[PDB]
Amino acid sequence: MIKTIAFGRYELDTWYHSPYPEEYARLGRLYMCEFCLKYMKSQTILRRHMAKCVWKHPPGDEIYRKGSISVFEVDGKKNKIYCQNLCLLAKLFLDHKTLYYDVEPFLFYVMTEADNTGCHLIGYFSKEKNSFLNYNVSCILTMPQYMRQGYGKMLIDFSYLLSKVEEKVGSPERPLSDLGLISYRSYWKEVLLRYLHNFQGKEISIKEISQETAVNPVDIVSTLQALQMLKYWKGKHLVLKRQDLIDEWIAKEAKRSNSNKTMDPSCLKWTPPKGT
């Protein structure tokens, strides 16, 4: 049963089982092309593949580029094989993954970091092409060798950037895993404290914050509760602008900029696909 993956220059321990064919799942170690995501049986087979494989980046359209960081929009109907490979690969680290086979109704936003050999996979999020529940993320992953460096938050931030450009309010697909809820709560806090740090008025509505940030009103209210910023005095509810919370936020956001782990809206060249 599958225990590790060879992926470019990394060797990755798998968290959960993924339904690779038994011919492969029978092995303990699976070899992957880091660019087209084909899975193979041995180092030897991979080496032969790497001599033949033309791909040096995801398929699809590069819609974000800031220096060495890119995001590629892959259509699951146009690149079924790549997206299915991506889906089997993500299930090695997702406890509960929506689906694997029918990738056609989904778009995949694949984030990469470039060096002189090509555009290497950092992570991705999928997104329903047409979601009744207005979910702007279906699943999201940062590859293990990249985890806990701020790329997950860039992926989340990017998913809301798409929503803004579509003039939509978005929300992640329920249910949220523990790692996902921690990351979303961190992002929501950042976005809420940033808005309030910049707003000079003395009253605001949830809808106003929601329409500016593309964040859903319920998650806004939920973050306000988590921050203990919803108080009750006399008859109505008030927002408590906690000094420390924004004080810690400017110190934290200083460190974020310093490390360049931010998405930059002016680096997005994108018009929403096949729905506008």
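Sequential numbering from 1, following the sequence displayed. Rigid core (definition): largest C-alpha set, two forms, superposition within 1.5 Å.
Displacement analysis by core superposition in 7 other deposited structures of this protein ranks 97 to 105 above the other of 97 to 105 and 68 to 76 in root-mean-square C-alpha distance from the shown form. Averaged as a root mean square over residues and superposed structures in 7 other deposited structures of this protein, CA distances to the shown form are larger in 114 to 122; the pair compared was 134 to 142 and 114 to 122 with a core fit. Comparing the deposited coordinates for 90 to 98 and 166 to 174, the stretch with the larger average C-alpha B-factor is 90 to 98. Relative to one another, 222 to 230 and 240 to 248 have unequal mean CA B-factors, and 240 to 248 is the one with the higher figure. Across the options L27, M32, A214, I63, the residue with the most elevated CA B-factor in the record is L27. Ranked by Cα temperature factor within the chain, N134 sits in the middle third according to the deposited record. Sort the chain's modelled residues by C-alpha temperature factor and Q43 lands in the highest third, per the entry.
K127: CA B factor in the lowest third of modelled residues in this chain (values from the PDB entry). In the deposited entry, the Cα temperature factor of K78 sits in the top third of values across the chain's modelled residues. For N116, the recorded CA B-factor ranks within the middle third of the chain. Only modelled residues enter the ranking.
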